Each structure stands twice: as C-alpha cells, then as structure tokens.
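Backbone-built Cβ (ideal geometry, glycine too); neighbour counts: all protein chains shown. Readers should treat all values here as calculations from the given coordinates under stated rules, not as data from a laboratory.
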Amino acid sequence: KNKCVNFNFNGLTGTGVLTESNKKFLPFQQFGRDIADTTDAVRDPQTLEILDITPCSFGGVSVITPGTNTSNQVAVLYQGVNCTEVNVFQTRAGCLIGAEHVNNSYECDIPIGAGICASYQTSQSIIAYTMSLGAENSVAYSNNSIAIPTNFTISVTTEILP
Amino acid sequence: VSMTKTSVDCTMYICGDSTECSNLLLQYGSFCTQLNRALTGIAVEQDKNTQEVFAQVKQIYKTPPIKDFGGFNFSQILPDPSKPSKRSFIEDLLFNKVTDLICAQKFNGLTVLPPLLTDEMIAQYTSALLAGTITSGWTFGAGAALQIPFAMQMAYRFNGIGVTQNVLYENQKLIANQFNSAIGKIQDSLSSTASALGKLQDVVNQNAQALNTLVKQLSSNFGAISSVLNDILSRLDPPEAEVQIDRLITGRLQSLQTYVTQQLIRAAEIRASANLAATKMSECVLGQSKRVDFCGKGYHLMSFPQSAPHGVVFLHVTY
Amino acid sequence: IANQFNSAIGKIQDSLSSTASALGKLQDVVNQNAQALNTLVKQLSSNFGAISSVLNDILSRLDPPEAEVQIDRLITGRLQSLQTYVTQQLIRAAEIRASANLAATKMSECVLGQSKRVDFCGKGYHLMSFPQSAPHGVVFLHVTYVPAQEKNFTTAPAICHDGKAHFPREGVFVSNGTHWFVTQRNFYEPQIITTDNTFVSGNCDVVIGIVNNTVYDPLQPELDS
C-alpha cells in the first residue's frame, strides 16, 4: 500500500498506487469504475477490502535555462506534480528544482506559472520571483487641483504586421 | 478573453502504459509529435490575450486615501481590502455565478496547465485601470498621468457628445441619484438573474463536452474486439494484436485529431473576441469614442472594466 | 518639433539596425512555413505501418495481390498527412487574413487620414503614419504627440463676476495662486479671462466651488478710447 505497483487482482492486471478506500462496495460488487470506465477501486479475493486505485506517472518535465551565450545553468521544473524523485522548492505549477526563491519582485523574464517568473541574475544563478505589476504611481487628487503639461515630445512608434 | 488551457499527451493517451502499442506509434512519424505542438501553441496564445487586454499600462494606479467623487458612489466597483482576495464588489458575484471533474480526466493523460496570469493579479488590473480613469481621466493611457477633478472630467465628455458642459455642473446633483441607482440595478440583476453570464458559461461547457467525449473514445472498440489494450495484448498474438491495435490507434488518432482540430477552430473564435475586448478597453474604458452603440446604447461617456473568470465584464456609462 | 522629430528617425534607424528581433513577427511566418513544409516532406519517409515506405520495393517483392495491401497503408497514411497540412494551412490562412485586414485598416485610418481612435495608431495623440515595406508584411511608423512635462495648478469650475456663472468656451481655468488664467489642456498658454473666452450660463448660486474674479470686457476700453 501507499506505493506504485503492478497488481494482478482476480485476473485484472494493471499498474497503480494501492491505498485504503473509504468507499463501501456492496458484497456482489467486485471492482468499481469511474466516469471514464477505468477501474476506480479493487477488492482482494482473499481479505475483502476496497482499495482506491491512483494511477502513477503524474506531472511533466520542463527545463528553465538562459541563453547558451549566457550560461549552461539549468533549472528543472516538474509541472503538475510535487517534489518526488529529487534548491528544492514548490509552487502552484509544481516542483521547481534548481532555482532560488527571491522574495523581491522583478519584471517577468522566463514565465513559469501562478505569477512566478525566473531569471538569471546575481556568482549568478537562476532565481524565481513573483511577477511585478509595475511601480506604484499615486496621483494626487483634489477638487481645485489640475495638471497642465508644460512640455511635449514627438514620438515615433514602430508597428509591424504580416 | 482566455480559454481553458489543456495539454493532452498523445504518447500516454494513444497507448496507455503499453510498450508494444507505443512501438506502432513510431511508424506514424510526427503525428504524435506534431499534435503536441498544436496544443502547445494554443496554450501560449491564451497568455497573450490576457496581456493585451487586461493590462493596457505598465504602471499601477491606486485611489487616494480620501475619496471625494463629487456625489457619486464608486464603492461597488472599487476593490475591497477587507476581503482576503482584493476584488470589486461586482467581481465577487461574477466568480460565484461562474463555475473532481478534472481529477478523472487528469489521470487519463489530459493535463490542465495553470494560467501564467492568476485571477488575483487580473483583479488588480481592473483596479489600476478603473482607478486611473477616475483620478487621471482619459489621459493616463496616452502619456503621463494627469490629475484632474472628477467633477470636471465629465464636463468635457458631454462636449464630445454634443452637450454643453454647463448642464453637468447644474444637474450633477440629479446625476448622483441616476448614476448610483443604475449601478445598484446591475448588482441585483447579476445576483438574481444567472442567465446574463451565459456568454462565458458556454465557453467552459464547450470545452467540457470536448474533454469528456474525448475520454469516452477509449471505451469504444474502434473496430477492435475490445477497447482495452491489456485485454487484446493478453489474448491475441503480437501479430494479430497489431491488426486490432491498428483499428484502436487509427480510431483514436481520428478522435485525437478531431479534438485538436476543434480546439484550433475554437481558439480562433476566442482570439476574435480577444481583439474586441482589447479594443473596448482603450476606446470605451481608456478613451472616448464618437462611434455609436459599440460601448452600448446611447452616447458613450466612460467605461469601467471588471474581471471575470475566463473573460471580462465591461460597465459602460451612456447618455 | 524639427529637432525632436529628426532625432526620432535616428532612433528608429538605430533600433531597427541594432535590434533584429523587432521583425520576429515576420520571421515567425517564414519559420512556420519552413516547419510545415519540412514536416510534410519528412512524412514521406515513414512507412505508415507498411513493410517499407518505397512503392517500388513493395512492387518488386510482394505479389500483385499482396502488394496492394501494403500500398493501401502508404496511401491511406500519406493522404491523412495532406489533410493535416491543408487543414493547418487553412487555419494559418485565417490568421494572416486577419492581420492583413488590420494592416489595410491602419493604412486607411493611421496613414491616409488622421485617426482619433485610442491607441489604434500607437500611444499618444496620432499625428500621421508612414508605411514601410517589409518581407511578407508591412511596417508602420506612427508619429504621435506625447506630452512630456507637467505642473500642478489651481483650478475652479467657473468665474463669478456680475452674478452669472462664467464657463470656458475652450480649455480650462487655471491659476498660480494670484490671477485666474484660461489655457488648453494639452499645453500651458496663459490667457486673460475675457467675455470672448467665456460664456454666461446659470448663476453663481448653482456651480459648486465657483470663484470670484473680474471678467475683462474688451468693449470697456474701446468705449473709453
């Protein structure tokens, strides 16, 4: 129990994590099924019990690295799964190994998820930080107050379309 | 605005936990490798729609501690710091009125990627844009923020619609009752009537029917004796199983490509509305447009953006 | 305006010359077609479940009735490959036609005429746009008017002189703390408050925050002279 195994129960072969289930299946009920008609739970022919089948192999593998001319440092990101195999940190996207966590917020460089972005900075290494939404500008407001521009500048914007 | 991000794995989906079955997939070439990039491109486009719409500026504008609106009550659309998650009173009803299901499909090999932009940061976008329009008027997006009295901001907005500003200063007292009462009707209509948000609900249900149906294809035999890979592998010989596996993969490929083809088509329809949402932000919300019935019936004056799950809601003030 | 503008072109030239990624939107078009074509070509090397991917090899080995079985697998698979390519190209055709229509719209509003739309021709108040040819696309140089420096002044909704509230005909009322001036919103150009710069509406008991001052009547000194 509590481990990914290859199990053959009552002739049903499959791989999955075996855990004790709180569901109570009727006596005539052997194996359960979910909405997708995959086995939901199993019952041992010897000692009658209901075991929840949790499939194995969850989460992806992503590489967070700067340009080649920058450095060869890499930060492994496991998306959709916590830290299992294994600078070991966890996020809402999943386990991120190889990147330091900086509380200070900066401008997003390499996007990760859940508002977290990575960059290569200062003895330099990949760091993770919360995406900064920009500097706070508080405009003073009063009934008698107004701001008249005293100067102007001519700007040229470059826009491209295919 | 944004569509639910779903990343499907053609390696696990086509052949579940099967080495021999997966071997036949290599004979098809990039079909699996190609479908992975098609879905990845849709996930990337989902993030670009929120950046080109939600946040039109690089700075954050917050309201001053002492708020004098000249007789108008913005508390409904203003963010409430008392709540754990900062949002406007109107955004609260949108989150509840807009609705495990993913656990079943998540184990089948379909992974839902989280959005790069959280709903919390999205709420702060409408707070900055809505706060800049009140204090900075329409000049916060065209350059340096101009501090202008809100009482004098609507004076010119009437000049653009062909009404002298003299009517605002005199009738501004009666406009407080008509404007405030109009905002209250919106909060009661969304809470009592849940059919106004059906526009966004149809987008979520559109992907739900596509995900559930794609998972139900595994139960179909697709011409094979059985729809289970372990059953055919443990019964028919390797050469005979390949004949049945061919109908399983061929049937699943047609079902997988049909899903990817629909996502690309649905993604195009979402991008069409994304440009409109980005256009209404600058013309309706950010600025003022003389165009008629784009911002809603009547002469347009000001627009207040509001965040909504997998979308955006606009509050337009018309004359 | 000649120094700022001419200096801007120099910045565009340096930016375009130094930064080669500004055109990446166009390079993505070439890359997408290259990947789509390369893929479509490499699918021919796949056997699609057949014994061999070469047709002559199947015909030169299997018997006439047996060769048809293997050739059917190749055709059936190669046909699906075109269905994927054609389908993908039709999708990209909808993406390029959308951008092309947008380019035609900008040329009309931004280039040919002057557009008052917000942030359609680029940030700031749109002056004009000069198109430029680029591979498989077009480049738009948008000249705009962006205010630079700002200063805070005292304002009032109206002026009270004869008992009837006076409103600005154009601009806004501003003061440095001594005298009230009328000026444009885009720039600060002191102008005396006059009957020609304001009009009479309502009274002084309605406008909230109205201030008292003397409205200069050009006709008074003309009658004195």
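A few remarks follow.
- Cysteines not pairable in chain B (beta carbon separation under 4.7 Å absent): B:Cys103
- Amide H to amide H, with H built 1.01 Å from N, C:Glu150 comes under 5 Å of A:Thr150, counting only residues 5 or more places away or on other chains.
- Exceeding the 22 Å Cα-Cα cut-off - candidates C:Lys11/C:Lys123; B:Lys97/B:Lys199; B:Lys48/B:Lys83: B:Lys48/B:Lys83
- Computed FRET value (nearest 0.05) for A:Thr15 with C:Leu16, which takes r as the C-beta separation and R₀ as 41 Å: 0.10
- C:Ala36 paired with C:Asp217, simple spin-label distance in nm, labels 7 Å along Cα-to-beta-carbon: 7.6 nm
- At most 15 other Cβ within 10 Å, DSSP loop - trypsin sites (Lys or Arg not before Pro), segment B:1-89: B:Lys58, B:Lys67, B:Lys86
- DSSP bridge pairs, the protein assembly as shown: antiparallel proportion in percent, nearest 5: 90 percent
- 3J(HN,Hα) along segment B:38-50, derived from phi through the Karplus expression 6.51 cos²θ - 1.76 cosθ + 1.60 where θ = phi - 60°, amounts to 5, 6, 5, x, 5, 5, 6, 5, 5, 6, 6, 6, 6 Hz, with x in place of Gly and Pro.
- Long-range amide H partners of B:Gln147 with built H, under 5 Å: A:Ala147
- For the protein assembly as shown, a simple Cβ point-charge model (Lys and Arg +1, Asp and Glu -1, everything else neutral) yields a dipole of about 640 debye relative to the Cα centre.
- Distance from the C-alpha centroid of segment B:83-103 to that of segment A:85-162: 25 Å, rounded to the whole angstrom.
- Distance cut-off 46 Å, percentage of C-alpha pairs in the protein assembly as shown lying past it: 37 percent
- Sequence-distant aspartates and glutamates (8 or more away, or on other chains) whose Cα lies within less than 15 Å of B:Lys280: B:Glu52, B:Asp293, C:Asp119
- Per-residue ³J(HN,Hα) for segment A:42-50, Karplus 6.51 cos²θ - 1.76 cosθ + 1.60, θ = phi - 60°, Hz, x for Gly and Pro: 10, 9, 6, x, 7, 9, 5, 7, 10
- In the protein assembly as shown, the DSSP-assigned H stretches of four residues or longer account for a calculated mean residue ellipticity at 222 nm of -12500 deg cm²/dmol, using -39500 (n - 2.57) per stretch and the full residue count as denominator.
- If you take the Cα centroid of segment B:1-58 and the Cα centroid of segment B:205-234, the two points sit 19 Å apart.
- Among C:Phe187, B:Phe150, sorting on how many other beta-carbon atoms sit within 10 Å of each Cβ, with the fewest leading, yields C:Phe187, B:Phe150.
- Each listed q (0.13, 0.15, 0.19, 0.23 Å⁻¹) maps to a log10 I(q)/I(0) for segment B:158-251, found by the Debye formula over equal Cα scatterers with no solvent: -0.72, -0.81, -0.92, -1.08.
- Taking amide H as placed 1.01 Å from N in the peptide plane, A:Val139 has its amide H under 5 Å from the amide H of B:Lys62, each at least 5 places away in sequence or on another chain.
- Taking other Cβ atoms within 10 Å as a rough exposure proxy, B:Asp92, B:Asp202, A:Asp44 sort from fewest to most as B:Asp202, A:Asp44, B:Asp92.
- Each Cα pair under 8 Å and six or more residues apart adds its separation to the average, and for segment B:1-98 the resulting relative contact order is 23 percent.
- In this structure, the pairs whose alpha-carbon distance is over 24 Å, taken from A:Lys3/A:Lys24; B:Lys58/C:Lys116; B:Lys216/C:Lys42; B:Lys62/C:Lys106; B:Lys5/B:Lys106; B:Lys67/B:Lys173, are B:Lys216/C:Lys42; B:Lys62/C:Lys106.
- Signed unit charges on C-beta, dipole axis of segment C:66-133, positive-most listed residue C:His126, C:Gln88, C:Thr105: C:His126
- Residue exposure proxy: A:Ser21, B:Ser2, B:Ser226, ordered by other Cβ atoms within 10 angstrom of their Cβ from fewest to most, comes out as B:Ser226, A:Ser21, B:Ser2.
- Cα centroid of segment B:164-194 to Cα centroid of segment C:36-97, whole Å: 65 Å
- With a cut-off of 15 Å on the backbone N, no residue of segment B:117-134 is near the modelled label site 7 Å out from B:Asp80 along Cα-Cβ.
- Derived scalar couplings ³J(HN,Hα) [segment A:113-120; Karplus, 6.51 cos²θ - 1.76 cosθ + 1.60; whole Hz; x for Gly, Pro]: x, 6, x, 9, 9, 10, 7, 9
- Only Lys, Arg (+1) and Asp, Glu (-1) charged, at Cβ; segment C:3-83 dipole about Cα centre in debye: 400 debye
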